[PDB]
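Visitor: Below are the structure tokens for one structure; questions will follow.
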Amino acid sequence: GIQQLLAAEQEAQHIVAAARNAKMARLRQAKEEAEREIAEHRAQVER
Amino acid sequence: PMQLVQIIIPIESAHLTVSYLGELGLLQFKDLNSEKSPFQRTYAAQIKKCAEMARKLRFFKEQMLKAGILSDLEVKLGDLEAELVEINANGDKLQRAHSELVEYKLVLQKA
Amino acid sequence: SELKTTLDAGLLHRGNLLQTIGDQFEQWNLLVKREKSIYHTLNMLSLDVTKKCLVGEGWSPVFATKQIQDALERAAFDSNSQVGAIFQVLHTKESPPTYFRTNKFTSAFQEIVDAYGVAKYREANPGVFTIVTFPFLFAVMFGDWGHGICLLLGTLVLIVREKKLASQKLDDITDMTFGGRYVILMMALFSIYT
Amino acid sequence: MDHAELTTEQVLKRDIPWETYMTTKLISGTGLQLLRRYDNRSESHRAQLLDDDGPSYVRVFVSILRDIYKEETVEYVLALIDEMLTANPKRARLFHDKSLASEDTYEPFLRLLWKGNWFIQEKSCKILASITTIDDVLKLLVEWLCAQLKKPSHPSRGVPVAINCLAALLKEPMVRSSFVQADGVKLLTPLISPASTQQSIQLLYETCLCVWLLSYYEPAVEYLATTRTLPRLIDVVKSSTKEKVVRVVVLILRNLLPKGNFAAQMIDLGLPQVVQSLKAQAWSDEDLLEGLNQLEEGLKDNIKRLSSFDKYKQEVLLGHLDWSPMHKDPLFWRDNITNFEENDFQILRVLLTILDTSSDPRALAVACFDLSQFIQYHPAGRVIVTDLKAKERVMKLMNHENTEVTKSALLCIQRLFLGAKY
Amino acid sequence: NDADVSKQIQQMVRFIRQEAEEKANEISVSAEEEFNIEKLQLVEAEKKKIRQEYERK
């Protein structure tokens, strides 16, 4: 009952924490990847 | 022979469930959350807003009774009360102007 | 004269508006009563954010709980919610207050008898015997078969006019007397027999 | 998902003895043996058989199941394939392997589109999950909806199952851009407001999350601009109690907020009032409340632009006056008095003629409310209105029907009246 | 048990579906969109600067 209901709440909280971390993870990963891509694009200008 | 009943009404229909229960009425309310005062509590802040709306509605009803009337909803009632108050103020101002002009007319006629 | 005419027009418009304003406030009174009841329930009963629902416990008649909880759950489901309300039972060592069901005629006698107190959920209810015992004893002190007829006739008019009486208000003593019309009629019949 | 699970039950319950059909040549004999092995990959994992370790063996069996066209035969295998992508113990790798191998991906494509409605839903689910340009091409105005939805309901029986396939495409931005070229956008906005489901939030949430991704795509933003009742769809999502469902409607609205469209929503649908109503609505998510405050800030910037138009008397010119918050507001009205009196109340005089005759009683009422603002600031402005006959119209207009027209006309009659007699 | 356990499982399913499919999905998709836009917003300026340097050369 109360313990059974608490498990769903704990799972929801864990999923919320994962989603919160996903923002920073995606931001940093995209920043690095697009830095590499922009470096390649700037190299293209040299060619 | 009554007995305890424990249930949970989801917030998606908590107000609807409360209204449906109050349509007939079977179980008395508990008192667990009453120790937190009208200060926030579970929904006492919402209860405070509802009480303010009810006070506005009561003021409107008292004004209507004083006017001899016959007896989102809270917002509409407040708007109607404000309109009635404005109409009464306009009527009072016009009556005062009429009284002043009548006094001036009487004084000028006597002169 | 112009200012008086303007004031009269404004007063007429205000009265016309108030004619419907009072009609709206008639139902707004019940709306405010329901809002106050919901507010009292919210301030008295807590809730669980984890359950995302208002939860608690309270006394309810078992016969009533056999249908009332199911009806509430069905209404909650019909309220377009993802799931209806619960109907689970609860247990505790405390003895909740309870009241025996009151009939239309037995209500007055039950209220008169209950002025001494209450009992457990299904404990002794002396009102059952006293509903007839009090007429069975008060008759002797006023036994005269020329006045009991008058008392019954006086009670009879109250019973007949009950349809209009239930709407129109009366004097506080008159209202208290009208509240026990059936009991008065029974006592008058017993007095006539005595 | 429970909805995926209920469809997955119908198939895995009903049994299909391939080897009898294989003798009839309906299915390959090796494929028939493979189909039993693919379903029992979990049993092989319990036995620790080497077959469970190899993704290719299950992928070959999945390809044979994909080839079968009959819905019952395909479902008894497609449901197992859907379970395999869900369960690590049975054929967890095969789903990624099937996409990697050209033949297995082609077999899923053959299963996709033309198939039994239960099988078509199952096939259009495994193909959608990464573990594709061909999948984007398979998407069309009818889509898998011509079978996943209530028409040809079979087991999937649900527009949301078709919407789930659309939501999967939303994840690939180019595929969403391709889906923008496809029509059904007007149907999608009404469909997003799905009201009937086991969970009310589930019915509209899947459409809502996809709508936020749709806002990001610029071609889909152009499609969104064409779509109408966007405020009504958002309002129905706001009406839905679940905070997350409303938050997705709010997140999409904030991400795609166009100041012009938002101002139009504020002027007609009271979007700023709706932001106040968002605070009035209970919201579990902090972000949803934060978004409502953000919406009011953006609405306030739009109101400042509206105030400049009100002083410019842009509505006066069009004779297409509407209530707006700034014109009613006193501080804006005090500045507006001088702007309305451009030269001897020339701009006001045009409004006075519009007040005397208007396309709508409410439009005349809007002019009367503006006249009450100007009359309060300057008594002489009312005298010009009397010359325009607006004052004469006001007294009859109070008698005239319509709540807005009567209330504004009564205010105009009293506004003149207070000043005539002192 | 019975109605009680049915309500419990319904509450669990509703909570998981509201938190995951409606909310957590919204945060994830917002994060993905921010990842798409934000660094390209600086890549454009870097490209403009590179073009200016190439023009000077």
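Scheme for the structure tokens: letters A, B, ... for chains in order shown; per-chain residue numbers from 1; ligand numbers from 1 in order shown.
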Residues of chain E near chain B: apply a cut-off of 12 Å, count only C-alpha atoms, and supply the list as an mmCIF file with N, CA and C atoms, in the first residue's frame.
Guide:
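Output below, filename out-v3.cif:
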```
data_model
loop_
_atom_site.group_PDB
_atom_site.id
_atom_site.type_symbol
_atom_site.label_atom_id
_atom_site.label_comp_id
_atom_site.auth_asym_id
_atom_site.auth_seq_id
_atom_site.Cartn_x
_atom_site.Cartn_y
_atom_site.Cartn_z
ATOM 1 N N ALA E 3 -9.811 -4.156 -4.476
ATOM 2 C CA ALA E 3 -9.898 -2.759 -4.887
ATOM 3 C C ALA E 3 -8.686 -1.967 -4.416
ATOM 4 N N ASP E 4 -8.188 -2.262 -3.213
ATOM 5 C CA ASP E 4 -7.044 -1.527 -2.681
ATOM 6 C C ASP E 4 -5.791 -1.765 -3.518
ATOM 7 N N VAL E 5 -5.497 -3.031 -3.832
ATOM 8 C CA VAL E 5 -4.307 -3.321 -4.627
ATOM 9 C C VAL E 5 -4.481 -2.827 -6.060
ATOM 10 N N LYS E 7 -6.139 -0.096 -6.890
ATOM 11 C CA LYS E 7 -5.853 1.330 -6.788
ATOM 12 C C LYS E 7 -4.358 1.581 -6.646
ATOM 13 N N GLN E 8 -3.663 0.728 -5.891
ATOM 14 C CA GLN E 8 -2.222 0.895 -5.715
ATOM 15 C C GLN E 8 -1.482 0.746 -7.041
ATOM 16 N N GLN E 10 -2.766 1.029 -10.050
ATOM 17 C CA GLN E 10 -3.174 2.127 -10.920
ATOM 18 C C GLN E 10 -2.412 3.402 -10.583
ATOM 19 N N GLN E 11 -2.238 3.687 -9.290
ATOM 20 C CA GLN E 11 -1.464 4.852 -8.880
ATOM 21 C C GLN E 11 -0.018 4.739 -9.334
ATOM 22 N N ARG E 14 0.067 5.291 -13.154
ATOM 23 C CA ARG E 14 -0.194 6.685 -13.488
ATOM 24 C C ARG E 14 0.991 7.570 -13.127
ATOM 25 N N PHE E 15 1.591 7.343 -11.956
ATOM 26 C CA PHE E 15 2.736 8.144 -11.543
ATOM 27 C C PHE E 15 3.923 7.934 -12.475
ATOM 28 N N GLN E 18 3.171 9.611 -15.846
ATOM 29 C CA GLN E 18 3.174 11.067 -15.800
ATOM 30 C C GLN E 18 4.584 11.613 -15.624
#
```
Visitor: Please provide the set of residues having any atom within 10 Å of residue 32 (chain E), restricted to only C-alpha atoms, with same-chain residues fewer than 4 positions apart removed, written as a list in words.
Guide: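 So, after excluding close chain neighbours, the residues are residues 22, 23, 25, 26, 27 and 30 of chain A; 171 and 213 of chain D; 26, 27, 28, 36 and 37 of chain E.
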Visitor: Create the file for the chosen residues now, containing N, CA and C atoms and written as an mmCIF file, in the first residue's frame.
Guide:
```cif
data_model
loop_
_atom_site.group_PDB
_atom_site.id
_atom_site.type_symbol
_atom_site.label_atom_id
_atom_site.label_comp_id
_atom_site.auth_asym_id
_atom_site.auth_seq_id
_atom_site.Cartn_x
_atom_site.Cartn_y
_atom_site.Cartn_z
ATOM 1 N N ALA A 22 20.846 14.688 -17.740
ATOM 2 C CA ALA A 22 20.890 14.596 -19.194
ATOM 3 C C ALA A 22 21.120 15.960 -19.834
ATOM 4 N N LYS A 23 20.591 17.020 -19.220
ATOM 5 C CA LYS A 23 20.751 18.356 -19.788
ATOM 6 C C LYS A 23 22.220 18.747 -19.868
ATOM 7 N N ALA A 25 24.823 16.751 -19.597
ATOM 8 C CA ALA A 25 25.563 15.800 -20.422
ATOM 9 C C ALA A 25 25.433 16.135 -21.904
ATOM 10 N N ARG A 26 24.202 16.348 -22.374
ATOM 11 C CA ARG A 26 23.974 16.667 -23.777
ATOM 12 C C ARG A 26 24.619 17.993 -24.152
ATOM 13 N N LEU A 27 24.513 18.994 -23.273
ATOM 14 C CA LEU A 27 25.113 20.290 -23.566
ATOM 15 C C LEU A 27 26.617 20.163 -23.773
ATOM 16 N N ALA A 30 27.493 18.020 -27.018
ATOM 17 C CA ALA A 30 27.265 18.774 -28.243
ATOM 18 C C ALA A 30 28.287 19.888 -28.401
ATOM 19 N N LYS D 171 11.878 12.402 -33.217
ATOM 20 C CA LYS D 171 13.244 12.315 -32.628
ATOM 21 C C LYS D 171 14.294 12.613 -33.706
ATOM 22 N N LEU D 213 9.235 19.099 -29.868
ATOM 23 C CA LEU D 213 10.287 18.841 -30.891
ATOM 24 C C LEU D 213 9.872 19.491 -32.217
ATOM 25 N N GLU E 26 9.974 15.532 -21.572
ATOM 26 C CA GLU E 26 10.076 16.956 -21.873
ATOM 27 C C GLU E 26 11.460 17.498 -21.534
ATOM 28 N N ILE E 27 11.999 17.139 -20.364
ATOM 29 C CA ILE E 27 13.353 17.588 -20.026
ATOM 30 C C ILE E 27 14.370 17.032 -21.012
ATOM 31 N N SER E 28 14.245 15.753 -21.375
ATOM 32 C CA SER E 28 15.211 15.157 -22.296
ATOM 33 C C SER E 28 15.172 15.836 -23.662
ATOM 34 N N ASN E 36 21.417 20.967 -29.704
ATOM 35 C CA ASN E 36 21.453 21.287 -31.128
ATOM 36 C C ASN E 36 21.734 22.767 -31.368
ATOM 37 N N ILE E 37 21.072 23.653 -30.620
ATOM 38 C CA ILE E 37 21.095 25.073 -30.979
ATOM 39 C C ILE E 37 22.327 25.782 -30.422
#
```
Visitor: Measuring atom to atom with only C-alpha atoms, identify which of E:21, E:55, E:38, E:44 is nearest to chain D.
Guide: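 Using only C-alpha atoms, the shortest distance to chain D belongs to E:21.
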Visitor: Skipping near chain neighbours, those fewer than 6 positions away, what residues fall within 12 Å of residue 22 (chain E) using only C-alpha atoms, listed as a VMD selection string?
Guide: (chain A and resid 12 15 to 16 19) or (chain D and resid 199 to 212 237 242 to 249 251 285) or (chain E and resid 14 to 16 28 to 29)
Visitor: Next, dump the selected residues to file, keeping only N, CA and C atoms, as a CSV table (one decimal), in the first residue's frame.
Guide:
```
chain,number,residue,atom,x,y,z
A,12,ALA,N,10.1,7.6,-9.9
A,12,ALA,CA,9.9,8.8,-10.6
A,12,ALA,C,11.0,9.8,-10.2
A,15,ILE,N,14.1,8.9,-12.1
A,15,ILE,CA,14.0,9.3,-13.5
A,15,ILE,C,14.2,10.8,-13.7
A,16,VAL,N,13.6,11.6,-12.7
A,16,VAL,CA,13.8,13.0,-12.7
A,16,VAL,C,15.3,13.4,-12.6
A,19,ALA,N,17.0,12.7,-15.9
A,19,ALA,CA,16.6,13.7,-16.9
A,19,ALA,C,17.4,15.0,-16.6
D,199,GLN,N,-5.2,6.3,-19.2
D,199,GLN,CA,-4.7,7.5,-18.4
D,199,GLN,C,-4.9,8.8,-19.3
D,200,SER,N,-5.6,9.8,-18.7
D,200,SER,CA,-5.9,11.0,-19.4
D,200,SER,C,-4.6,11.7,-19.9
D,201,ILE,N,-3.6,11.7,-19.0
D,201,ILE,CA,-2.3,12.3,-19.3
D,201,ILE,C,-1.6,11.6,-20.5
D,202,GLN,N,-1.7,10.2,-20.5
D,202,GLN,CA,-1.1,9.4,-21.6
D,202,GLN,C,-1.7,9.8,-22.9
D,203,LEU,N,-3.0,10.1,-23.0
D,203,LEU,CA,-3.7,10.3,-24.3
D,203,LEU,C,-3.0,11.5,-25.0
D,204,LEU,N,-2.8,12.6,-24.3
D,204,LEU,CA,-2.3,13.8,-24.9
D,204,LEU,C,-0.8,14.0,-24.8
D,205,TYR,N,-0.2,13.4,-23.7
D,205,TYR,CA,1.3,13.6,-23.4
D,205,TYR,C,2.1,13.2,-24.6
D,206,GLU,N,1.8,12.1,-25.2
D,206,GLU,CA,2.7,11.6,-26.3
D,206,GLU,C,2.7,12.6,-27.4
D,207,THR,N,1.6,13.1,-27.8
D,207,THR,CA,1.5,14.2,-28.8
D,207,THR,C,2.2,15.4,-28.3
D,208,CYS,N,2.0,15.8,-27.1
D,208,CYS,CA,2.6,17.0,-26.5
D,208,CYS,C,4.1,17.0,-26.6
D,209,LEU,N,4.8,15.9,-26.2
D,209,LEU,CA,6.3,15.9,-26.2
D,209,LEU,C,6.7,16.1,-27.6
D,210,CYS,N,6.1,15.4,-28.6
D,210,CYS,CA,6.5,15.5,-30.0
D,210,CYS,C,6.3,16.9,-30.5
D,211,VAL,N,5.2,17.6,-30.0
D,211,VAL,CA,4.9,19.0,-30.5
D,211,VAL,C,6.1,19.9,-30.1
D,212,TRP,N,6.7,19.7,-28.9
D,212,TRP,CA,7.8,20.5,-28.5
D,212,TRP,C,9.0,20.3,-29.5
D,237,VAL,N,-4.9,21.2,-23.2
D,237,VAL,CA,-3.7,20.5,-22.5
D,237,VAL,C,-3.6,21.2,-21.1
D,242,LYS,N,-2.9,16.9,-15.3
D,242,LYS,CA,-1.5,16.5,-15.2
D,242,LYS,C,-0.6,17.7,-15.5
D,243,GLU,N,0.3,18.0,-14.5
D,243,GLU,CA,1.2,19.2,-14.7
D,243,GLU,C,2.1,18.9,-15.9
D,244,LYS,N,2.7,17.7,-16.0
D,244,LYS,CA,3.6,17.4,-17.1
D,244,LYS,C,3.0,17.6,-18.5
D,245,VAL,N,1.7,17.2,-18.6
D,245,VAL,CA,1.0,17.3,-19.9
D,245,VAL,C,0.9,18.8,-20.2
D,246,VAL,N,0.5,19.6,-19.2
D,246,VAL,CA,0.3,21.1,-19.4
D,246,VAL,C,1.7,21.7,-19.6
D,247,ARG,N,2.8,21.2,-18.9
D,247,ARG,CA,4.1,21.8,-19.0
D,247,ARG,C,4.7,21.5,-20.5
D,248,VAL,N,4.4,20.4,-21.1
D,248,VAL,CA,4.8,20.1,-22.5
D,248,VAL,C,4.1,21.1,-23.4
D,249,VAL,N,2.8,21.4,-23.2
D,249,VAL,CA,2.1,22.4,-24.0
D,249,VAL,C,2.7,23.7,-23.7
D,251,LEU,N,5.9,24.3,-22.6
D,251,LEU,CA,7.3,24.3,-23.1
D,251,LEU,C,7.3,24.5,-24.6
D,285,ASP,N,5.1,20.4,-11.3
D,285,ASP,CA,6.5,20.7,-11.8
D,285,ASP,C,6.8,22.2,-11.5
E,14,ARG,N,0.1,5.3,-13.2
E,14,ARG,CA,-0.2,6.7,-13.5
E,14,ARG,C,1.0,7.6,-13.1
E,15,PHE,N,1.6,7.3,-12.0
E,15,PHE,CA,2.7,8.1,-11.5
E,15,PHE,C,3.9,7.9,-12.5
E,16,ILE,N,4.2,6.7,-12.8
E,16,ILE,CA,5.4,6.4,-13.7
E,16,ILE,C,5.1,7.0,-15.1
E,28,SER,N,14.2,15.8,-21.4
E,28,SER,CA,15.2,15.2,-22.3
E,28,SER,C,15.2,15.8,-23.7
E,29,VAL,N,14.0,16.1,-24.2
E,29,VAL,CA,13.9,16.7,-25.5
E,29,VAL,C,14.3,18.2,-25.5
```
Visitor: Looking at only C-alpha atoms, which of E:49, E:57, E:39, E:17 is the one that sits closest to chain A?
Guide: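 Among the listed residues, E:39 lies closest to chain A.
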Visitor: Could you name the residues that touch region 97-100 of chain B at 6 Å or less, counting only C-alpha atoms, but leaving out those on the same chain fewer than 4 positions away, as a PDB file with C-alpha atoms, in the first residue's frame?
Guide:
```pdb
ATOM      1  CA  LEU C   3     -29.138  65.495 -12.690  1.00  0.00           C
ATOM      2  CA  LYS C   4     -32.200  63.938 -11.038  1.00  0.00           C
TER       3      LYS C   4
ATOM      4  CA  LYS D 421     -24.787  68.853 -13.052  1.00  0.00           C
ATOM      5  CA  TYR D 422     -22.270  69.639 -10.227  1.00  0.00           C
TER       6      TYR D 422
END
```
Visitor: Rounded to one decimal in Å, what is the spacing between CA of residue 25 (chain B) and CA of residue 64 (chain C)?
Guide: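 Spanning CA of residue 25 (chain B) to CA of residue 64 (chain C) is a straight-line distance of 9.3 Å.
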